[PDB]
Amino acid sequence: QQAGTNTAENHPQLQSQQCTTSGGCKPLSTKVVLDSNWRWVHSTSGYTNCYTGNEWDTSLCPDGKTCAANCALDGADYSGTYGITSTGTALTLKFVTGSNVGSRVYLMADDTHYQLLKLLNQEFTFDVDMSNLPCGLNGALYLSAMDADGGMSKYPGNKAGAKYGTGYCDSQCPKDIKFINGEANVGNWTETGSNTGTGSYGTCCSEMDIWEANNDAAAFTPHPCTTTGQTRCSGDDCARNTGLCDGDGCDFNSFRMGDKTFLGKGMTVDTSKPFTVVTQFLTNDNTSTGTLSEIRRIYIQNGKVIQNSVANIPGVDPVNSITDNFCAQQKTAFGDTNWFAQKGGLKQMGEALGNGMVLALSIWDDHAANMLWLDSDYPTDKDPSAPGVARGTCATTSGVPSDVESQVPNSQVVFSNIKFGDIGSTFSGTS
């Protein structure tokens, strides 16, 4: 895609902190950028749309390469069009804004590069307020193995880059992304909703879901893929799980893992109020060159340090962190194939963390599965009493996009106090 000039692109500021054991925490003047799929796409020479509603203009876009040459991504009115605001340290993502639904933004080091986070033997911490983020919605904060320049160096057809939020990939190998590898994804374009569609290509990479949650349920989940870095896929390679990527991931959802009273409204982690989420990425030898061996989670709320809940499932050791053994046990216990291990498990996840990943923040609803995999019974055809089927208490009828978009359009999530750095350094304790 080309870089449009009709609307200035001004990235909201969202400061973060980098932390070391000896030096403490220091601010970084980071910013956020709207993902390219949400932007206006129009002829490079004027104002005519290349994409309107859920279809491309086949005059401007008869093929992927021609489209990318003819068409430009443009600047965004963050608040007015997309419901995205920042105080400078706290990011608010509103659910519906006019006909716009959801958003995803990435953390930038500066105006043309994503912040590249290298979290092996490090920790990531943030605060979240989900008080207004109900059943069926997901406020997600996650890492993807995107390129810092959004693909510009690799793909001559992409002249827009990180400044316009290009180069997305994730473990689901999504085919709804409009620009991949510097080409419009117009092949066999298929409408999937009023403003969305899919093309013949998907875009795949390893993904670490630090936080997928609403006020009913939360999960953290590594998803390794066999490839390294953002990869365009077609055919069977795009297929979730059996293709390049572990689409299911090895998830830790406290409720799915058998503690139904740990996290939710008025629970131990009280989702009716803001709280802090710490995630630590430990290696076997406590070095940044070691193999990722454990992902730990600590919460802080009202100054109380809250350890993660323990798993309580027959055949699963009662642990409270993600390890390769936990993954094998829960997969067997839940009847799920260990695609996670098939793609190389935590070691493979760690190599992606080691090479650096980009931080995404998003609010969304789910047209495929109504978010039931997060907060209800999934699959919808299994007995909810079987180990693993039940992930939350939301009704099995909840989360249909047409419903939540009309019923709770002013839902929002607030992500703040973003910090990363040495293990144990982004937060402190005292007696």
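The first residue of the shown sequence is 1; numbering continues from there.
As recorded in the PDB entry, 94-102 is the stretch of 174-182 and 94-102 with the greater mean C-alpha temperature factor. Relative to its counterpart among 188-196 and 142-150, 188-196 has the higher mean temperature factor, C-alpha atoms as listed in the PDB entry. Between the residues 295, 300, 107, 135, it is 135 that shows the highest Cα B-factor in the PDB record. For the set 36, 29, 406, 362, the PDB entry assigns the largest Cα B-factor to 406. Annotation for residue 351: C-alpha temperature factor in the highest third relative to the rest of the modelled chain, per the entry. Ranked by Cα temperature factor within the chain, residue 290 sits in the highest third according to the deposited record.
In this PDB entry, residue 216 carries a Cα temperature factor that places it within the highest third of its chain's modelled residues. The PDB entry assigns residue 130 a C-alpha temperature factor belonging to the middle third of its chain's modelled residues. Placement of the Cα temperature factor of residue 111 within the chain: middle third of the modelled residues, per the deposited record.
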